[PDB]
Structure formats: C-alpha cells, structure tokens
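What's in query22.cif: mmCIF, N, CA, C and O atoms
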```
data_entry
loop_
_atom_site.label_atom_id
_atom_site.label_comp_id
_atom_site.auth_asym_id
_atom_site.auth_seq_id
_atom_site.Cartn_x
_atom_site.Cartn_y
_atom_site.Cartn_z
N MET W 1 -6.07 -4.77 42.10
CA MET W 1 -4.64 -4.39 41.97
C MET W 1 -3.79 -5.62 41.71
O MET W 1 -3.46 -5.84 40.55
N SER W 2 -3.42 -6.41 42.73
CA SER W 2 -2.64 -7.65 42.58
C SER W 2 -3.49 -8.90 42.27
O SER W 2 -3.16 -9.57 41.30
N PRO W 3 -4.58 -9.22 43.00
CA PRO W 3 -5.54 -10.25 42.59
C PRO W 3 -6.45 -9.68 41.49
O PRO W 3 -7.60 -9.29 41.74
N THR W 4 -5.87 -9.42 40.31
CA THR W 4 -6.51 -8.71 39.19
C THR W 4 -5.74 -9.01 37.91
O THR W 4 -4.68 -8.42 37.64
N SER W 5 -6.27 -9.91 37.10
CA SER W 5 -5.69 -10.42 35.86
C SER W 5 -6.72 -10.28 34.75
O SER W 5 -7.92 -10.31 35.01
N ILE W 6 -6.28 -10.19 33.50
CA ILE W 6 -7.19 -10.16 32.34
C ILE W 6 -8.29 -11.22 32.46
O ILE W 6 -9.45 -10.84 32.61
N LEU W 7 -7.97 -12.51 32.47
CA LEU W 7 -8.96 -13.59 32.48
C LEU W 7 -9.89 -13.67 33.71
O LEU W 7 -10.78 -14.52 33.75
N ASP W 8 -9.76 -12.71 34.63
CA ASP W 8 -10.66 -12.48 35.77
C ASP W 8 -11.38 -11.12 35.71
O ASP W 8 -12.53 -11.02 36.13
N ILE W 9 -10.80 -10.14 35.01
CA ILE W 9 -11.44 -8.86 34.65
C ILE W 9 -12.08 -8.86 33.26
O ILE W 9 -12.51 -7.83 32.73
N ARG W 10 -12.15 -10.04 32.65
CA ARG W 10 -12.48 -10.30 31.24
C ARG W 10 -13.89 -9.97 30.80
O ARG W 10 -14.24 -10.39 29.70
N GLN W 11 -14.69 -9.29 31.64
CA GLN W 11 -16.13 -8.95 31.54
C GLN W 11 -16.77 -9.36 30.21
O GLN W 11 -17.62 -10.25 30.15
N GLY W 12 -16.28 -8.75 29.13
CA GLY W 12 -16.52 -9.14 27.74
C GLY W 12 -16.19 -7.97 26.80
O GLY W 12 -17.07 -7.55 26.06
N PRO W 13 -14.94 -7.44 26.85
CA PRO W 13 -14.43 -6.17 26.28
C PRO W 13 -14.48 -5.96 24.75
O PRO W 13 -13.61 -5.33 24.17
N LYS W 14 -15.49 -6.50 24.07
CA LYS W 14 -15.72 -6.36 22.61
C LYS W 14 -15.53 -4.96 21.98
O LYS W 14 -15.12 -4.92 20.83
N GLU W 15 -15.84 -3.86 22.68
CA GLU W 15 -15.93 -2.52 22.08
C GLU W 15 -15.21 -1.32 22.77
O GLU W 15 -14.95 -0.34 22.06
N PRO W 16 -14.83 -1.31 24.07
CA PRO W 16 -14.20 -0.16 24.73
C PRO W 16 -12.68 -0.19 24.49
O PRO W 16 -11.88 -0.23 25.43
N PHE W 17 -12.27 -0.23 23.21
CA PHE W 17 -10.90 -0.52 22.76
C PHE W 17 -9.80 0.14 23.59
O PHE W 17 -9.15 -0.56 24.34
N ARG W 18 -9.56 1.47 23.51
CA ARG W 18 -8.42 2.07 24.20
C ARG W 18 -8.57 2.03 25.73
O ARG W 18 -7.62 1.75 26.47
N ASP W 19 -9.81 2.26 26.16
CA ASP W 19 -10.27 2.44 27.55
C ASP W 19 -9.96 1.22 28.43
O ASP W 19 -9.74 1.31 29.63
N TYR W 20 -9.88 0.09 27.74
CA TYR W 20 -9.66 -1.25 28.30
C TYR W 20 -8.35 -1.88 27.81
O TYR W 20 -7.71 -2.59 28.59
N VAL W 21 -7.90 -1.62 26.57
CA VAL W 21 -6.69 -2.24 26.01
C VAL W 21 -5.44 -1.92 26.80
O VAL W 21 -4.60 -2.80 26.97
N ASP W 22 -5.33 -0.69 27.28
CA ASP W 22 -4.14 -0.30 28.01
C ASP W 22 -4.02 -1.10 29.30
O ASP W 22 -2.96 -1.62 29.65
N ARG W 23 -5.17 -1.29 29.94
CA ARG W 23 -5.41 -2.12 31.12
C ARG W 23 -5.17 -3.60 30.82
O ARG W 23 -4.46 -4.26 31.58
N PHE W 24 -5.67 -4.11 29.69
CA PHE W 24 -5.52 -5.51 29.27
C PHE W 24 -4.04 -5.87 29.07
O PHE W 24 -3.51 -6.74 29.78
N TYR W 25 -3.36 -5.17 28.15
CA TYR W 25 -1.96 -5.48 27.84
C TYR W 25 -1.08 -5.21 29.05
O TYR W 25 -0.19 -6.02 29.29
N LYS W 26 -1.35 -4.19 29.89
CA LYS W 26 -0.64 -3.92 31.16
C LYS W 26 -0.53 -5.13 32.10
O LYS W 26 0.43 -5.21 32.88
N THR W 27 -1.48 -6.06 32.11
CA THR W 27 -1.43 -7.31 32.91
C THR W 27 -0.94 -8.48 32.06
O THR W 27 0.06 -9.11 32.40
N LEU W 28 -1.59 -8.67 30.92
CA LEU W 28 -1.39 -9.76 29.96
C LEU W 28 0.06 -9.91 29.47
O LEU W 28 0.54 -11.01 29.23
N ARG W 29 0.79 -8.79 29.35
CA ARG W 29 2.19 -8.66 28.87
C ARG W 29 3.29 -9.63 29.36
O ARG W 29 4.45 -9.36 29.09
N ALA W 30 3.01 -10.70 30.09
CA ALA W 30 3.98 -11.77 30.30
C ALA W 30 4.11 -12.67 29.05
O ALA W 30 5.16 -13.27 28.86
N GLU W 31 3.08 -12.71 28.19
CA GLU W 31 3.03 -13.64 27.05
C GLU W 31 3.31 -12.96 25.69
O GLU W 31 3.85 -13.58 24.78
N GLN W 32 2.96 -11.68 25.56
CA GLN W 32 3.09 -10.92 24.31
C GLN W 32 3.23 -9.40 24.55
O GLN W 32 2.46 -8.59 24.03
N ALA W 33 4.20 -9.00 25.37
CA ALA W 33 4.48 -7.59 25.66
C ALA W 33 4.69 -6.71 24.41
O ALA W 33 4.12 -5.63 24.30
N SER W 34 5.50 -7.20 23.47
CA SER W 34 6.10 -6.50 22.32
C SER W 34 5.16 -5.93 21.23
O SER W 34 5.65 -5.68 20.13
N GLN W 35 3.86 -5.76 21.48
CA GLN W 35 2.82 -5.43 20.48
C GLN W 35 3.00 -6.25 19.18
O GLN W 35 2.87 -5.77 18.05
N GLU W 36 3.37 -7.52 19.35
CA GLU W 36 3.76 -8.41 18.27
C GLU W 36 2.60 -8.66 17.30
O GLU W 36 1.52 -9.07 17.72
N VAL W 37 2.82 -8.49 15.99
CA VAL W 37 1.77 -8.53 14.95
C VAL W 37 0.88 -9.78 14.95
O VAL W 37 -0.26 -9.74 14.50
N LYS W 38 1.41 -10.90 15.46
CA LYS W 38 0.65 -12.14 15.67
C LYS W 38 -0.36 -12.09 16.84
O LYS W 38 -0.85 -13.13 17.25
N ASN W 39 -0.70 -10.91 17.37
CA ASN W 39 -1.68 -10.69 18.45
C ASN W 39 -3.15 -11.14 18.19
O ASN W 39 -4.04 -10.69 18.91
N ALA W 40 -3.40 -12.04 17.24
CA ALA W 40 -4.66 -12.73 16.99
C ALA W 40 -4.51 -14.24 17.32
O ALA W 40 -4.77 -15.11 16.49
N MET W 41 -3.92 -14.54 18.49
CA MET W 41 -3.57 -15.89 18.93
C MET W 41 -3.85 -16.13 20.42
O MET W 41 -4.39 -17.18 20.76
N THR W 42 -3.50 -15.20 21.31
CA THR W 42 -3.97 -15.20 22.71
C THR W 42 -5.36 -14.57 22.81
O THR W 42 -5.92 -14.08 21.83
N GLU W 43 -5.90 -14.50 24.03
CA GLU W 43 -7.09 -13.73 24.46
C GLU W 43 -7.10 -12.23 24.05
O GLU W 43 -8.12 -11.56 24.18
N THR W 44 -5.97 -11.71 23.57
CA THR W 44 -5.84 -10.39 22.93
C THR W 44 -6.90 -10.12 21.87
O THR W 44 -6.97 -10.81 20.86
N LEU W 45 -7.67 -9.06 22.09
CA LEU W 45 -8.77 -8.66 21.23
C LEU W 45 -8.72 -7.17 20.81
O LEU W 45 -9.76 -6.59 20.50
N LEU W 46 -7.55 -6.53 20.92
CA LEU W 46 -7.26 -5.09 20.80
C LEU W 46 -5.73 -4.82 20.73
O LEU W 46 -4.96 -5.78 20.69
N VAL W 47 -5.24 -3.57 20.69
CA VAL W 47 -3.81 -3.17 20.58
C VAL W 47 -3.56 -1.91 21.44
O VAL W 47 -4.38 -1.01 21.39
N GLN W 48 -2.48 -1.83 22.22
CA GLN W 48 -2.17 -0.72 23.16
C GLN W 48 -2.42 0.67 22.56
O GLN W 48 -1.87 0.99 21.51
N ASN W 49 -3.28 1.48 23.22
CA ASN W 49 -3.93 2.72 22.78
C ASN W 49 -4.67 2.67 21.42
O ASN W 49 -5.67 3.37 21.24
N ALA W 50 -4.26 1.81 20.49
CA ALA W 50 -4.64 1.72 19.07
C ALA W 50 -4.64 3.06 18.29
O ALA W 50 -4.34 4.13 18.83
N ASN W 51 -4.98 3.04 17.01
CA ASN W 51 -5.00 4.22 16.13
C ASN W 51 -6.47 4.65 15.86
O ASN W 51 -7.38 3.96 16.32
N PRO W 52 -6.76 5.80 15.22
CA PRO W 52 -8.14 6.30 15.12
C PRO W 52 -9.01 5.47 14.16
O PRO W 52 -10.23 5.43 14.34
N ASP W 53 -8.39 4.79 13.20
CA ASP W 53 -9.02 3.86 12.26
C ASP W 53 -9.70 2.69 13.01
O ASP W 53 -10.92 2.71 13.22
N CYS W 54 -8.90 1.75 13.54
CA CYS W 54 -9.36 0.59 14.30
C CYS W 54 -10.39 1.00 15.37
O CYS W 54 -11.48 0.44 15.45
N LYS W 55 -10.07 2.03 16.16
CA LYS W 55 -10.98 2.50 17.22
C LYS W 55 -12.39 2.73 16.69
O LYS W 55 -13.33 2.13 17.20
N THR W 56 -12.52 3.60 15.68
CA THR W 56 -13.81 4.04 15.12
C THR W 56 -14.56 2.88 14.46
O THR W 56 -15.79 2.91 14.39
N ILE W 57 -13.84 1.85 14.02
CA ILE W 57 -14.44 0.72 13.29
C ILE W 57 -14.92 -0.38 14.24
O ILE W 57 -16.11 -0.69 14.28
N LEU W 58 -14.00 -0.98 15.01
CA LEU W 58 -14.33 -2.13 15.86
C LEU W 58 -15.29 -1.76 16.99
O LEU W 58 -16.02 -2.62 17.47
N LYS W 59 -15.36 -0.46 17.30
CA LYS W 59 -16.42 0.13 18.15
C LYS W 59 -17.84 -0.38 17.84
O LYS W 59 -18.66 -0.42 18.76
N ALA W 60 -18.09 -0.75 16.58
CA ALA W 60 -19.27 -1.48 16.14
C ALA W 60 -18.94 -2.89 15.59
O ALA W 60 -19.78 -3.78 15.60
N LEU W 61 -17.70 -3.12 15.12
CA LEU W 61 -17.29 -4.34 14.42
C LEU W 61 -16.70 -5.42 15.35
O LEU W 61 -15.60 -5.93 15.13
N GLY W 62 -17.49 -5.82 16.35
CA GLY W 62 -17.21 -6.97 17.21
C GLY W 62 -18.12 -8.19 16.99
O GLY W 62 -18.57 -8.75 18.00
N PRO W 63 -18.39 -8.66 15.75
CA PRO W 63 -19.27 -9.80 15.45
C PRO W 63 -18.62 -11.16 15.78
O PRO W 63 -18.79 -12.13 15.05
N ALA W 64 -17.82 -11.23 16.85
CA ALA W 64 -17.14 -12.43 17.38
C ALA W 64 -16.19 -13.19 16.42
O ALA W 64 -15.65 -14.21 16.84
N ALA W 65 -15.92 -12.69 15.21
CA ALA W 65 -14.95 -13.26 14.27
C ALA W 65 -14.07 -12.18 13.62
O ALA W 65 -12.91 -12.04 13.99
N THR W 66 -14.61 -11.31 12.75
CA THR W 66 -13.83 -10.33 11.95
C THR W 66 -12.91 -9.40 12.76
O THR W 66 -11.97 -8.82 12.23
N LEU W 67 -13.14 -9.24 14.06
CA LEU W 67 -12.21 -8.51 14.93
C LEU W 67 -10.77 -9.01 14.79
O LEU W 67 -9.86 -8.20 14.67
N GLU W 68 -10.55 -10.32 14.79
CA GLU W 68 -9.21 -10.93 14.71
C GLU W 68 -8.33 -10.38 13.58
O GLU W 68 -7.12 -10.24 13.76
N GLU W 69 -8.94 -10.00 12.46
CA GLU W 69 -8.21 -9.23 11.43
C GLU W 69 -8.10 -7.74 11.79
O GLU W 69 -7.02 -7.14 11.73
N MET W 70 -9.21 -7.14 12.22
CA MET W 70 -9.39 -5.69 12.44
C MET W 70 -8.49 -5.11 13.54
O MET W 70 -8.05 -3.96 13.49
N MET W 71 -8.20 -5.96 14.53
CA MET W 71 -7.33 -5.73 15.68
C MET W 71 -6.02 -5.11 15.25
O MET W 71 -5.57 -4.15 15.85
N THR W 72 -5.45 -5.64 14.17
CA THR W 72 -4.12 -5.32 13.71
C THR W 72 -4.12 -4.79 12.28
O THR W 72 -3.19 -4.06 11.95
N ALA W 73 -5.13 -5.06 11.45
CA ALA W 73 -5.17 -4.59 10.05
C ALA W 73 -5.02 -3.06 9.95
O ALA W 73 -4.44 -2.54 8.99
N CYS W 74 -5.45 -2.36 11.00
CA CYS W 74 -5.32 -0.91 11.13
C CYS W 74 -3.88 -0.38 11.00
O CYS W 74 -3.68 0.79 10.69
N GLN W 75 -2.86 -1.23 11.20
CA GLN W 75 -1.45 -0.85 11.14
C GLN W 75 -0.91 -0.56 9.73
O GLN W 75 0.12 0.09 9.59
N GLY W 76 -1.62 -1.04 8.71
CA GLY W 76 -1.25 -0.91 7.30
C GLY W 76 -2.38 -0.33 6.45
O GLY W 76 -2.31 -0.37 5.23
N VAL W 77 -3.42 0.19 7.10
CA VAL W 77 -4.68 0.60 6.44
C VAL W 77 -4.55 1.66 5.34
O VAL W 77 -5.32 1.66 4.38
N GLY W 78 -3.60 2.60 5.45
CA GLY W 78 -3.35 3.65 4.46
C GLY W 78 -4.46 4.70 4.26
O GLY W 78 -4.31 5.58 3.41
N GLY W 79 -5.56 4.66 5.03
CA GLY W 79 -6.71 5.55 4.87
C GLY W 79 -7.69 5.51 6.06
O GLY W 79 -7.45 4.78 7.02
N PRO W 80 -8.77 6.32 6.04
CA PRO W 80 -9.70 6.51 7.17
C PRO W 80 -10.91 5.55 7.20
O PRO W 80 -11.86 5.77 7.95
N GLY W 81 -10.94 4.53 6.34
CA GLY W 81 -12.12 3.68 6.14
C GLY W 81 -13.24 4.34 5.33
O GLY W 81 -13.06 5.39 4.70
N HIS W 82 -14.42 3.70 5.31
CA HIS W 82 -15.53 4.04 4.40
C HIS W 82 -16.91 3.89 5.05
O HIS W 82 -17.79 3.19 4.55
N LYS W 83 -17.12 4.50 6.23
CA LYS W 83 -18.32 4.29 7.06
C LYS W 83 -18.80 5.59 7.73
O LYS W 83 -18.55 5.82 8.90
N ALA W 84 -19.48 6.44 6.95
CA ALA W 84 -19.90 7.81 7.33
C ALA W 84 -20.73 7.96 8.63
O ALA W 84 -20.88 9.07 9.13
N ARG W 85 -21.26 6.86 9.18
CA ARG W 85 -21.84 6.76 10.52
C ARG W 85 -21.70 5.31 11.00
O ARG W 85 -21.85 4.39 10.20
N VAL W 86 -21.44 5.09 12.29
CA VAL W 86 -21.37 3.73 12.87
C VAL W 86 -22.77 3.16 13.14
O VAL W 86 -23.61 3.83 13.74
N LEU W 87 -23.01 1.95 12.62
CA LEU W 87 -24.12 1.00 12.79
C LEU W 87 -23.86 -0.20 11.87
O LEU W 87 -23.11 0.01 10.88
#
```
Take the structure from the file and write it as structure tokens.
Amino acid sequence: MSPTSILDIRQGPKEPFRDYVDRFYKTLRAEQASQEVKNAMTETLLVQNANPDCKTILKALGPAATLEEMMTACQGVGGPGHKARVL
C-alpha cells in the first residue's frame, strides 16, 4: 500500500500491459502524470489502460528495445495492425 512504489514492485512488467499499467502510473505519476507523449524517457514501459492495438501487439513485442516506440505509437496507428496470431 504505502511502502509500495514502481521501482520496488518492478518485477519485470514486459507484457501484462493494462493489468499492471494502471497500477504503475497510479504510483509513478509524481514525474509524468499527464499521459505525456514523451513517456519513452522514464521507467514507463506502457500507457494508462492503453488501446486494443498496443495491447494485442506488445503482449508479444517486448524484445527490450522496440517497445519504446510501441508504447505510444498506438495513439496514431489508424488501423488494427497486421498479425493474424501472436508469436
């Protein structure tokens, strides 16, 4: 509850996007509350609730680099992606 911060609950949240993001930003929000588009600069690795695009993609697309674009690229995506099954 109170002795409970992102960088101590940081397990390694690569893939449980919404399930963990709401929890992450709920504590982390002293530094970047505003869902600010530059969210590829702090320990932020996701976006509050996110959209169905980003969710379905980064669920497999956590290769420790390309996430930093994918985190927020979903905001301007204009479509459902191109991946008929995740792997």
Residues selected by the PyMOL selection byres ((chain W and resi 86) around 8), written as an mmCIF file with N, CA, C and O atoms, keeping the file's coordinate frame:
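Just written: expr_10.cif:
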```
data_model
loop_
_atom_site.group_PDB
_atom_site.id
_atom_site.type_symbol
_atom_site.label_atom_id
_atom_site.label_comp_id
_atom_site.auth_asym_id
_atom_site.auth_seq_id
_atom_site.Cartn_x
_atom_site.Cartn_y
_atom_site.Cartn_z
ATOM 1 N N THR W 56 -12.520 3.600 15.680
ATOM 2 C CA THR W 56 -13.810 4.040 15.120
ATOM 3 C C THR W 56 -14.560 2.880 14.460
ATOM 4 O O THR W 56 -15.790 2.910 14.390
ATOM 5 N N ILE W 57 -13.840 1.850 14.020
ATOM 6 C CA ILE W 57 -14.440 0.720 13.290
ATOM 7 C C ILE W 57 -14.920 -0.380 14.240
ATOM 8 O O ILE W 57 -16.110 -0.690 14.280
ATOM 9 N N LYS W 59 -15.360 -0.460 17.300
ATOM 10 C CA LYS W 59 -16.420 0.130 18.150
ATOM 11 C C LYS W 59 -17.840 -0.380 17.840
ATOM 12 O O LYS W 59 -18.660 -0.420 18.760
ATOM 13 N N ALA W 60 -18.090 -0.750 16.580
ATOM 14 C CA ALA W 60 -19.270 -1.480 16.140
ATOM 15 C C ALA W 60 -18.940 -2.890 15.590
ATOM 16 O O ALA W 60 -19.780 -3.780 15.600
ATOM 17 N N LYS W 83 -17.120 4.500 6.230
ATOM 18 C CA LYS W 83 -18.320 4.290 7.060
ATOM 19 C C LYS W 83 -18.800 5.590 7.730
ATOM 20 O O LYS W 83 -18.550 5.820 8.900
ATOM 21 N N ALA W 84 -19.480 6.440 6.950
ATOM 22 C CA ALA W 84 -19.900 7.810 7.330
ATOM 23 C C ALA W 84 -20.730 7.960 8.630
ATOM 24 O O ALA W 84 -20.880 9.070 9.130
ATOM 25 N N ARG W 85 -21.260 6.860 9.180
ATOM 26 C CA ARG W 85 -21.840 6.760 10.520
ATOM 27 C C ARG W 85 -21.700 5.310 11.000
ATOM 28 O O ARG W 85 -21.850 4.390 10.200
ATOM 29 N N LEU W 87 -23.010 1.950 12.620
ATOM 30 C CA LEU W 87 -24.120 1.000 12.790
ATOM 31 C C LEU W 87 -23.860 -0.200 11.870
ATOM 32 O O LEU W 87 -23.110 0.010 10.880
#
```
Quick one: which residues end up in the PyMOL selection byres (((chain W and resi 9-17 and name CA) around 12) and name CA) for this structure, as a ChimeraX atom specification? /W:1-8,18-25,27-28,43-68,70-71
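Note that the spacing between atom N of residue 26 of chain W and atom N of residue 82 of chain W amounts to 28.9 Å.
Taking atom CA of residue 80 of chain W as the reference point, atom O of residue 33 of chain W is found at 25.1 Å.
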Taking the DSSP secondary structure from the backbone, can you list the residues of chain W that are helix (DSSP H, G or I), as a count of residues only? 30
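Counting from atom C of residue 41 of chain W, the distance to atom C of residue 77 of chain W is 23.3 Å.
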Assuming 6 Å of padding per side, give the centre and edge lengths of the axis-aligned box around every listed atom of segment 19-33 of chain W, in Å to one decimal and as JSON.
```
{"center_x": -2.6, "center_y": -5.6, "center_z": 28.5, "size_x": 27.4, "size_y": 28.1, "size_z": 20.9}
```
